[PDB]
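Here are the chains, one letter per residue:
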Amino acid sequence: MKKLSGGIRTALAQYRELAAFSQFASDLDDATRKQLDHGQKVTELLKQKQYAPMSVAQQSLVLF
Amino acid sequence: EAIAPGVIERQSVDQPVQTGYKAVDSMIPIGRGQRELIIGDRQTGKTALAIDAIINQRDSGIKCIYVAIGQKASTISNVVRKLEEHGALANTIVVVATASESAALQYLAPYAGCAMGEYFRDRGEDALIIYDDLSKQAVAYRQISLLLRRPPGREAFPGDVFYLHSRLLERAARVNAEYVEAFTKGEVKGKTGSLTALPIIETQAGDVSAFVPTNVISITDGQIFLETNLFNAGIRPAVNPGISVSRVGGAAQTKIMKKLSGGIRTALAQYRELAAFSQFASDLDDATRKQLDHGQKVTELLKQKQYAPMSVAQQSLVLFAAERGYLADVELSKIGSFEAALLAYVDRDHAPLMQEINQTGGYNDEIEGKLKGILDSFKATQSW
Amino acid sequence: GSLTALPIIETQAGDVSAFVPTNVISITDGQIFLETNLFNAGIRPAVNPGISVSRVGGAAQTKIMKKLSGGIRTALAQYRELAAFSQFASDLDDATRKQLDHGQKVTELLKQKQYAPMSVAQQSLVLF
Amino acid sequence: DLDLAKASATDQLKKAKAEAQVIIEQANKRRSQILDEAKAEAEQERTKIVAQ
Amino acid sequence: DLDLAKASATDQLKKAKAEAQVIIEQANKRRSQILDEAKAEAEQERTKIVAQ
Amino acid sequence: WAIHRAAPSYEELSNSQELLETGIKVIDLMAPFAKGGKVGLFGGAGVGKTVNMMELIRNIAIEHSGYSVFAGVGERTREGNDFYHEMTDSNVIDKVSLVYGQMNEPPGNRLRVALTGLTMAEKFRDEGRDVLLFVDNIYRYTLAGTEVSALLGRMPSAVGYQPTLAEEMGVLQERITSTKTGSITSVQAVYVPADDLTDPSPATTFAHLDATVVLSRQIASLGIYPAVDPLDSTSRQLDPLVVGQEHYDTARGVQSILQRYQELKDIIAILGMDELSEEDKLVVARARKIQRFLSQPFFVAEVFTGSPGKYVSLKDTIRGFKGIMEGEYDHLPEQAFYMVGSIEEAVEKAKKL
Amino acid sequence: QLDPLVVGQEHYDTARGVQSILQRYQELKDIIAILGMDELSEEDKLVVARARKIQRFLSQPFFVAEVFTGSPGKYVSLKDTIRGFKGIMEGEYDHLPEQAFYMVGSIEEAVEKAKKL
Amino acid sequence: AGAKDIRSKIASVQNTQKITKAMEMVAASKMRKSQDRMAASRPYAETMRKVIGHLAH
Ligand SMILES: Nc1ncnc2c1ncn2[C@@H]1O[C@H](COP(=O)(O)OP(=O)(O)OP(=O)(O)O)[C@@H](O)[C@H]1O
Ligand SMILES: Nc1ncnc2c1ncn2[C@@H]1O[C@H](COP(=O)(O)OP(=O)(O)O)[C@@H](O)[C@H]1O
Ligand SMILES: [Mg+2]
């Protein structure tokens, strides 16, 4: 998990830095559109239902 | 200081109290025994709207009381001179505590006025009482309270600033005939007394969500909210529909007025909000176009001059002309003229029908037909 | 006899409307407002035109300076907003290009080393 | 066609010349009514002033 | 020619509308100018009787 | 006389409502004064407040038979000294009585100086005169009472003020009224804290002000003196029922003209002049003339303008503005109106131009 | 009590979808205020129109409020309301003017009111 | 809320107002230039249409 979470931190960091443009997404260059669309997806990935705990293997698998 | 009549001694407010203004008599009816907050910012016409209701009872048998708390002496002298100019003074009590007087006279004045009104209420008669500023009563009570080192609350007002207005406004009540009998030792049979209150509140910068304004909105049975943007735009009385309500609803209106009025007020609220988006552009643009034209002519029709009261008959037939078409052709520039002519014509010819609608609630298909006939007659043969 | 006073006040984040600052601005005859954005951007002394003023003004200024310094203050007050417009507008009208480059020359002229005071002769000559 | 244009001419002037006067007459009629109201009210308020 | 006749007709009606507006305007101005003089004279009469 | 006194009783007040002819065009048109009312003066600095005050003093001494009193509540000593001089060298010093309690004074002096000025103005009233009372800053009369109340240890109230704020303000503002014998008019400089018209002190003061004239740096920059802003100056005397219909609608006319011009001029600033419509060009050409005609030469300003000072009666201002707005005088240039006086002098200035 | 277990998956999902849409509409309210509605992406202009339709469909006439509005009250069963909101969200009523939804009991009454405008 | 957050938001809205006030002026100047470039384009088509008309019909 220490290995895998390093990339999640930076994906969400760049996404939070670019978020301002999410409202003007059509104007953006595709070189950043990929960063924004990867950020939105890693953000949609961290959603989870109540009383549904994941063992460390499943969390690591999904973050991979 | 007295405690208002209990829950069993009340009676539901039924009868109407007619102001002179189409706006409030149509959208915001006031019944005998109701309490109706007049709230707004400074210099928007509150005192005007209140003394125009006082003047209108000149002949309807409702004694009237006007208490001025914290006002300038010049304003009070002027208002007394107007009450005398229109003959109403012989029917009103004026209880005055000017801006110079002690904080203990300002704070105790409205209770004196209510004690003077309860005299009529308890004898089976009708009264109307106006508290010129229950915002300045709150300030004088805050002074008296802080001088006694009492821990203050929000906005430095004391804890019981709600109870102050509560035990006051809860006296404006309507009482059943048994209370009037038992009180008056049986001298008065079958009558029901009532005391109608119109407290006036002043709000800073139109902020309808401060402490004291909200307390009084939570104590009274409605509010007439006078907006400054409308008042500066020449719309007077600047009644803002969508924020002003009468929690006794139509039960307090005459049958004819209740019918012609209907949802007119929510209709104007819809029109006024639609104007917000239609300011730029709109689609569905014939139904929204006729909607806009109707609402606009209606607002141009609801404005009214100071000191010009008009009986329920005139308001009624003008609302008739407003609702049964009859106004699409005449321009925004002529609405005024349409009304002036209409009323002069009906005063000339159909004096009996006015004498009838003023004597009763007066609604029937017969009277609807009479009105339609007058409407087409004036509309075609009279040229205004 | 006379006694002039230069009281110094410190403000948080450049907020002038604090309590003590807005009292002392209401007591004195003027203020020299030192702007942090000009200071850290190398403009020193960071005197801010427009928001700084002297309410006795030219009445106390020496005649040569009064004559040679009439336009400077309002010229810079306008140039510093024209330079704020300039970022979003390239392809500027030559009419405004002249004004911008002149304002820039003068703004570069008024900065000064920390301990090199100038006599009225030198200041008037440079402003000439 | 010369016959028809003359007939139309005569008829159109027939309409316009008179209708100008009928509208001006409506104007004058409403003027009279409005002045009746004006004088009546300017008299009636004397009552309020004298009672004052 | 027909069309010249048509234009003269519409011009007559335009003039009639202008004159209707002008005459009713003057009639309302007269309403106000009469009522104001009546108001001021009745009020000075009040003042005289009161001083008496 | 003792400075602590009771306001005029209910049946001493004047049973009428007159107006005060200041003699200035802008004020008499856009913000008329009631005789015995309160007037706030919300201008800032460098706009001419002191010379406006001196012109009011001069006119109310000459063209009426009234005196004046100036109470210097809580302001810089420098301004007091240079006001004393600016008045001594214009011959109006013999027409005003000065009482000064300035920033360098203990709180009690700044508190009671306003009552001293007022109780001299009342003596002048009892002689039957119409008097004018200037207060140098009512906000400092509020703040001195706050300081004193804190010294006495009384509990604080709304936003740091004394609990008796409204009563302290009322027992002052309720003594300057028009009595059956005379009247005290008052022109009071008001300072709004933190640019907030809701703060308890401005909110308590505005309950008493009848008129309000706000001076503007802009209107001075264009060169028009006095520098009153016609769109922000207000008066609750502007009603047909008090001032008449012709004055009311003339003032509302010029107001609408100027407030349209204020945005036609921005449309010009962005799109250039000839983008306008021809109707709008006429609007601009009349608005510039009206805007020029609101200037006036004072008897006090001769030392700057050289032109002789003028006192313009109200009738003449109403005539001039009806004419300029009714399309008359469109045939003479806007500089024929500037700093002129009556319109019957604007025609004469255009004759020789 | 708003849990999948207690109220069923369909009810829970409709409620959460309504919340999501209304919140997404809240987030746009300031850009709409400054720059006008024409700057919103076509995907985000659909969100706004459905959000407003939902805002209006939550209104209902009450039997105790006839005294105010005159209109007769309505009683709407749960089965009948989760269906209407599923419809409005899924888009099956995405051709109907907003005012078709103001003060109506059930979606049927809205499609019926649209005939009268 | 709290004085500081609201003052920060006020500062940011004033900044937005500056940005839009600048974009308006830029767009106005570009509009003038882009309709000069529009006026310049007519003659070629205006004469080519005459030639084509004469030849065609
Ligand atoms: N219906 C109306 N038409 C035209 N003018 C009106 C109307 N109602 C009020 N006004 C004008 O508004 C002015 C102020 O109104 P009014 O004094 O009643 O408001 P207010 O709230 O009592 O003021 P304050 O709060 O200072 O007492 C009045 O002088 C009156 O001329
Ligand atoms: N009516 C006027 N005519 C000519 N100049 C004027 C007039 N009113 C003001 N000014 C000018 O405006 C300037 C402002 O001066 P001053 O009144 O001392 O400032 P403040 O009014 O802020 O105290 C003065 O120098 C004066 O020359
Ligand atoms: Mg009032």
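Rules used throughout
Residues numbered from 1 in each chain as written, not as in the entry; some residues may be left out. Chains lettered and ligands numbered in written order. Part of a larger assembly, values for the part shown. Heavy atoms only, no water. Residues with missing side-chain atoms left out of burial classes, pairs and counts. Contact = heavy atoms within 4.5 Å. Buried area = accessible area lost by both parts, 1.4 Å probe. Salt bridge = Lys/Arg side-chain N within 4 Å of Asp/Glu carboxyl O. Polar contact = N/O pair within 3.5 Å; in protein donor to acceptor, adjacent residues only side chain to side chain. Helix = DSSP H or I, 4+ residues; strand = E, 2+ residues; numbered from the N terminus. Buried < 20%, exposed > 50% of the residue type's maximum accessible area, 1.4 Å probe, protein only. Near = heavy atom within 4 Å. Areas by Shrake-Rupley, 256 points an atom, 1.4 Å probe, with all protein chains shown as cover. Nonpolar A, V, L, I, M, F, W, Y, C, P; charged D, E, K, R; others polar.

cryo-EM is the method the PDB entry states for this structure, with the resolution given as 3.3 Å.

Draft legend 1. Just the interface of chain H and chain F, in detail. At the junction of the two partners, chain H supplies six residues and chain F supplies four residues. The three residues of chain H that bury the most area against chain F are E24, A28 and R32 of chain H, which together make up 67% of that side's buried surface. Summed over the shared surface of chain H and chain F, the result is zero salt bridges. Here chain H and chain F share one residue pair in polar contact between them.

Draft legend 2. Structural view of the interface of chain F and chain B. Contacts between chain F and chain B engage 29 residues on the former and 27 residues on the latter. Buried surface at the junction of chain F and chain B, summed over both partners, amounts to about 2300 Å²; 55% is from carbon and sulfur atoms. Considering only the side of chain F, the residues that lose the most area to chain B are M155, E167 and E174 of chain F, jointly responsible for 24% of the buried surface there. Where chain F meets chain B, there are zero salt bridges. Taken together, the links from chain F to chain B amount to three residue pairs in polar contact. Among the elements that take part in the side of chain F that touches chain B, helix α6 (residues 165–173) of chain F stands out by supplying four residues, more than any other.

Draft legend 3. Region of the structure containing the environment of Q237 of chain F. All names here are of chain F. Position of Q237 among the secondary structure elements: in the loop between β9 (234–235) and α9 (240–243). Residue classification places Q237 among the buried residues on the basis of a relative accessible area of 3%. For the pair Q237 and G309, spaced 72 residues apart in sequence, the C-alpha separation works out to 27 Å. With near-sequence residues (within four places) excluded, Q237 lies in contact with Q17, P32, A34, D210, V242 and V243.

Draft legend 4. Structural context of the site of ligand 1. Taken together, 14 residues sit near ligand 1, with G45, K46, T47, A48 and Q304 of chain B positioned nearest. Chains contributing residues to the immediate surroundings of ligand 1 are chains B and F. With respect to ligand 1, the side chain of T47 of chain B contributes an N or O atom lying 2.4 Å from an oxygen atom. Within the complex, the protein chains bury 78% of what would otherwise be the 630 Å² of accessible surface of ligand 1. Among the elements that make up the shell around ligand 1, the one with the highest residue count is helix α2 (residues 46–56) of chain B (three residues). Split by residue class, the shell around ligand 1 holds three nonpolar, six polar and five charged.

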